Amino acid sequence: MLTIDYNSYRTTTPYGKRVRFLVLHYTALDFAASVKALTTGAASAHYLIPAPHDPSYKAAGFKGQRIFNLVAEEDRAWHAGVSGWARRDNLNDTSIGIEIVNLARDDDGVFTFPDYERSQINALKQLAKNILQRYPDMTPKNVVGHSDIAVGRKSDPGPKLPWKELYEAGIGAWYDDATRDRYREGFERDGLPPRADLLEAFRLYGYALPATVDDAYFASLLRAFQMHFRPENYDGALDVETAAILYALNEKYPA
């Protein structure tokens, strides 16, 4: 038999950690229904931020707030299903997912997104910061939401999610307004870029686009982009702000 040599030679520059993205979700259930399904159901996530004002949560004996780890980061949780971002897929492998309890709703298929709880958010930024500091390849655009990786079969973490706040806190990507505007103007005057340029520019940001984009799809896409970066409205409707935002990110957060 033969024991392994962990001390003689260690690689330094040419290597990274496996995890790249941090993805965000709303459970869509009350806590108990959420621990159950993320611990024994058919999915899971690495971390779970409860909504402290949840009867089930308090019932379970929690004063809260807490953050719960359901799967250590080393391992692979199931939250991202069929995915894609930044030229990848099956992001379950390569990401860390966070689930926050928030009973957003699909009602065939009108939607309803409750505001999050503050503590819940202060927790989140706290956690999310702890991750980012530990994965160096988790650049700002890689802090994403299911909706972005799973367009438009998913819509968490939903437009009630204070990204910009998180940006402000160092977490995830956001545009310099100046640069946004510079595009808005340019677009209003010089008109708008062909779909071609757009899709592509959407791709570059990260979005996993199919070969061929029905406007039907497009909607889903814009929608998603919007609930993230322009949640003031997320009608799948090609705007100039919306489009300006895009290039404003692609300017600041480029290849």
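One-based numbering along the sequence shown.
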Worksheet, complete the sentence: The stretch whose C-alpha atoms carry the larger average B-factor in the entry, 71 to 79 or 145 to 153, is 145 to 153
Fill in: Mean temperature factor over C-alpha atoms, higher-scoring stretch between 202 to 210 and 185 to 193
185 to 193
Worksheet entry | Per the PDB entry, maximal CA B factor within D137, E117, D93, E165 | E117
Worksheet entry | Top residue by Cα temperature factor, when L246, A237, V23, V19 are compared in the entry | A237
Worksheet, complete the sentence: Quick tally, chain-level thirds of C-alpha B-factors: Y47 sits in the lowest
Discussion item. Could you place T112 in the lowest, middle or highest third of its chain by Cα temperature factor, using the values in the record?
Written reply: highest
Practice prompt. Place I121 in the lowest, middle or highest third of its chain's C-alpha B-factors, as listed in the PDB entry.
Written response: middle
Worksheet entry | Ranked against its chain, the third holding the CA B-factor of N102 | highest
Worksheet item: If you rank every modelled residue in this chain by C-alpha B factor, which third holds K129: lowest, middle or highest?
Response: lowest
